[PDB]
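Read through the structure below, which is laid out as structure tokens, and then see the notes.
We place every Cβ from the backbone using ideal geometry, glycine too, and count neighbours over all the protein chains shown. Values quoted throughout were computed directly from the atomic coordinates according to the rules given, and no laboratory measurement underlies them.
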Amino acid sequence: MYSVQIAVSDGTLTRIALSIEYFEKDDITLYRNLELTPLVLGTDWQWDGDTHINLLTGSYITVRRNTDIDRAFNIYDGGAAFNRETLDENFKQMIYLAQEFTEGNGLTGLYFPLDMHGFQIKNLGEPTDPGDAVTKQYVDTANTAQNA
Amino acid sequence: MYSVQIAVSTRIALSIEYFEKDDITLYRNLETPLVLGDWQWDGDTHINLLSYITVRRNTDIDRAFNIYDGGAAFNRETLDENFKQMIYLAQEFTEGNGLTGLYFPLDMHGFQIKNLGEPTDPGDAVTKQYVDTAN
Amino acid sequence: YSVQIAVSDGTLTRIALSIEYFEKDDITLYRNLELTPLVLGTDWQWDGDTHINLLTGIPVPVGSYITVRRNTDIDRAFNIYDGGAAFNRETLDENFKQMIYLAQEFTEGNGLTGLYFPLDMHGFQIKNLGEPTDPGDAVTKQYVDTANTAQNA
Amino acid sequence: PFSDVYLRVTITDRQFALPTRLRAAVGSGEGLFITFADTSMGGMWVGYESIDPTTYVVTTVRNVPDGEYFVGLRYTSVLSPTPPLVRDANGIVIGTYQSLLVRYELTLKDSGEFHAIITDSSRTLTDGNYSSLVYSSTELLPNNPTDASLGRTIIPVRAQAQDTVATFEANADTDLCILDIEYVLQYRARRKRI
Amino acid sequence: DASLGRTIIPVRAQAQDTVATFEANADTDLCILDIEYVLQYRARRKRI
Amino acid sequence: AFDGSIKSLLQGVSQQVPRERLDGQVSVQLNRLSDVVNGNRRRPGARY
Amino acid sequence: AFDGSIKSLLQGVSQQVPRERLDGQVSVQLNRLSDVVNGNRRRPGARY
């Protein structure tokens, strides 16, 4: 919605037009279809006009925004002239972070038991590692094999 | 809880706070929200109905209430309101009020997930469904 | 930023903090895989402001680890000008730093404790699901395989 | 206030009716300006959010209390000094093509933020807002005007002295009073004079 | 045309035994703001 | 490097080349005042 | 550190910025005298 954009690549995508808003150009990243390794800037995609991206090595492409989380952008030193933009940027950073987090974009893990009050999970994916969850398809198709 | 509350079986007493009466919505039995005028306001702290009931709060996220670049008044009340909105947003997304999905794989650090629902379409299955082998 | 873990080889007795905080009340210990925090004053002590000393079972067996958690105030802002708080640079820097900390704690999953809507994983996988103990738990792999293989004959 | 053809009006529930004699001007690009009229915060800027095309009702920004207010239009206050010069004992001018300008020093009796532009024969050199009020001055308080009783500002140029143009603009509720101007000049003669 | 510039001309001769002229009969202007020179004079006795 | 100061700002606009302008003249003025005693500040607003 | 002296105190009150005040002018005077020969002293009392 706000921080994530997707684009189907049916035989024609060579450029992408950005619909999301970003704090600075450094926060954009790309992933090809499902790979966990991001594409390399300068060899697979290059900025064009601050609102368009050119592709160099060409399914669907995904775009992500991740604002800084290390500090507040502006530190109010005792010798800095007073202005309004310096407050506007600080108040904008927190709203950007909240928009990113409310969509689940930046979550990474848990250190407590996850509680659900009766809902389900739909696109779980296929387990490979022994310590993974099992989909309905995997278990249902396994019974047939052991029922010859 | 700060953003949501639950009532279990006519009148519901609201303990949470809000900015405007439009941010409050109701749901019933892990359902589409109930259309008001099913429920209606009766005072500033009571709800009259026309199992369990859940209430959820969602403040505005598109813009900050006051922008000092657009001529917002430079007094204490605007700073207080902005800080209160910022704290409310944290209280909201800290409890996972609006979460509806993820775009990155998740690691549980060896813990367990409980209170899961039975699957219909290929997804995640509960222990009870797998336990019912009986071959 | 907010979590620290130490794995003991058989001699762990002291821990040196490597995370910042606002007040000492925000820190807690949970041992390795228990859902109950260690009691302050009987299981650990504050030594100065940089070290923590264990008191019960101080020699940690091999393979066990201790974890440290942080949680800042979320009820209200530290400084409210309308309530008599003075207006300085510090009263703004601290206010912004309070909001930064709450994001740092959430991005690492230290704050979330529930869910109220079905999720869509978009094809991604969960990895460390633990092991079931109740009929409502999500069965992991290596539990179905053992059960299915245990009844081959 | 710092506005033209201003009238007094009362605001209730963050709404009021636009006076007749300003409908034509605002409809042709003129900028509507509002200010406080009373109490300690008198003279400070306030903004608006919308104007109803049919009834000409105006809605102000949040948290403005009921009371008296002024309404008017904006204007600019451009100014542009003259480039410095080098002058010997007898008053003759020298080094018109062999001098470089480094900086300006400005002393202000009272002012807020303003806007400065410095340009050369073929390119822009400096641009952006400047101010004489700092974050550690007791003059900066909420519910008080944002002005400093005395301060200074510094602007870099780094270009030939006479091939420059400088301007200072201000079109807001704060004044701009210039008491003195100083500069730093880099000129180096390499032969005696006679 | 150039909005600002400079030119240099060598003479190498006695100061007062010289004649200098500058002509222009084309579409461009010729505006002279200032003129400067380099003089080589060396006194070898004090004055009084 | 050297420093300096402009003498004054109380002689209004001029259009001669900088070599010849008198002391105190400026290049552009608009909606300002040449007021003595108070300095070179902005003009007040017009009242209806 | 340097020292100095104010020239005189015999030109009464003024309201210009300090950059432009003439020699001898002061900022406030009340129930004083600008008397020459005797200096800047207090005024006598009023007799009934």
Residues in region F:15-40 that are surrounded by fewer than 16 Cβ atoms within 10 Å (Cβ to Cβ) and either of a type in the set (S, T, N, Q) or within 12 Å of chain G (Cβ to nearest Cβ) (or both) total 8
Over region B:71-92, the set of residues within 15 Å of the chain's Cα centre (by Cα) and facing another protein chain (nearest Cβ under 7 Å) is B:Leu89, B:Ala90, B:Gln91
Verdict on A:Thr67 being more than 14 Å from chain D (Cβ to nearest Cβ) and not in a loop (DSSP other than H, G, I, E, B)
no
Looking across region D:4-34 at residues that are within 14 Å of chain B (Cβ to nearest Cβ) and assigned to a loop (DSSP other than H, G, I, E, B), the single one that is farthest from the chain's Cα centre (by Cα) is D:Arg14
Filtering region A:38-64 for residues that are under 23 Å from B:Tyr103 (Cα atoms) and outside any strand (DSSP E or B) leaves a count of 5
Restricting region C:132-153 to residues that are of a type outside the set (A, V, I, L, M, F, W, C) and in contact with a strand residue (DSSP E or B) (Cβ under 8 Å, 6 or more places away or on another chain), the one farthest from B:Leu26 (Cα to Cα) turns out to be C:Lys141
Any residue at all in region C:19-35 that's at positive phi and not polar (S, T, N, Q)? yes
On the given criteria, is A:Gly118 under 23 Å from the mean Cα position of the chain (by Cα) and on the phi > 0 side of the Ramachandran plot?
no
Taking region C:93-115 and the residues there that are aliphatic (A, V, I, L, M) and more than 17 Å from the chain's Cα centre (by Cα), the one that is farthest from A:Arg71 (Cα to Cα) would be C:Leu115
Within region A:1-44, residues being surrounded by 15 or more Cβ atoms within 10 Å (Cβ to Cβ) and hydroxyl-bearing (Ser, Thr, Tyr) number 5
Note on region D:83-121: residues more than 20 Å from F:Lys7 (Cβ to Cβ) and touching a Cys at 6+ places or on another chain (Cβ under 9 Å) are D:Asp110, D:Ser111
Matching residues in region F:1-10 (within 14 Å of chain G (Cβ to nearest Cβ) and either exposed (fewer than 15 other Cβ atoms within 10 Å of the Cβ) or hydroxyl-bearing (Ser, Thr, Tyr) (or both)) number 3
Among residues of region C:141-150 being within 14 Å of B:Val131 (Cβ to Cβ) and facing another protein chain (nearest Cβ under 7 Å), the residue surrounded by the fewest Cβ atoms within 10 Å (Cβ to Cβ) is C:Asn148
Per the filter on region D:114-141, residues part of a strand (DSSP E or B), touching a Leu at 6+ places or on another chain (Cβ under 9 Å) and under 17 Å from A:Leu87 (Cα atoms) are D:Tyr130, D:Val134
From the option list D:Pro84, D:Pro65, single residue qualifying as over 18 Å from the mean Cα position of the chain (by Cα), at the interface with another protein chain (Cβ under 7 Å from one of its Cβ atoms) and assigned to a loop (DSSP other than H, G, I, E, B) is D:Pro84
Residue pairs within 7 Å by beta carbon, gap of at least six or interchain, first lying in region B:1-29 and more than 14 Å from chain C (Cβ to nearest Cβ), second of a type in the set (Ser, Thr, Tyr) and surrounded by fewer than 17 Cβ atoms within 10 Å (Cβ to Cβ), listed first then second, are B:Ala7/B:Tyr52; B:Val8/B:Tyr52; B:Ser9/B:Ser51; B:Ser9/B:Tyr52; B:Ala13/B:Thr45; B:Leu14/B:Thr45; B:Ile24/B:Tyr18
Those residues of region D:87-108 which are hydroxyl-bearing (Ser, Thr, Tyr) and not in a strand (DSSP E or B) amount to D:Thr96, D:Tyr97, D:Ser99
Among the residues in region C:61-79, are any surrounded by fewer than 17 Cβ atoms within 10 Å (Cβ to Cβ), over 27 Å from B:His109 (Cα atoms) and not acidic (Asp, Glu)?
yes
The one condition F:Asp23 fails out of (1) within 30 Å of E:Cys31 (Cα to Cα); (2) acidic (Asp, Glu); (3) in a strand (DSSP E or B) is (3)
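Yes/no per residue for (1) among the β-branched types (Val, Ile, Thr); (2) within 14 Å of chain A (Cβ to nearest Cβ):
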position	(1), (2)
D:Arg103	no, no
D:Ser111	no, yes
D:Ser121	no, no
D:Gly151	no, yes
D:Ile154	yes, yes
Residue match in region D:91-101 (condition: surrounded by fewer than 17 Cβ atoms within 10 Å (Cβ to Cβ), hydroxyl-bearing (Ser, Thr, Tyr), over 18 Å from the mean Cα position of the chain (by Cα) and farther than 28 Å from D:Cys177 by Cα)
yes
_Residues that are more than 14 Å from chain D (Cβ to nearest Cβ) and of a type in the set (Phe, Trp, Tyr): does region E:35-48 have at least one?_
no
Among residues of region A:93-131 being at the interface with another protein chain (Cβ under 7 Å from one of its Cβ atoms) and part of a helix (DSSP H, G or I), the residue nearest to B:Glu31 (Cα to Cα) is A:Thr102
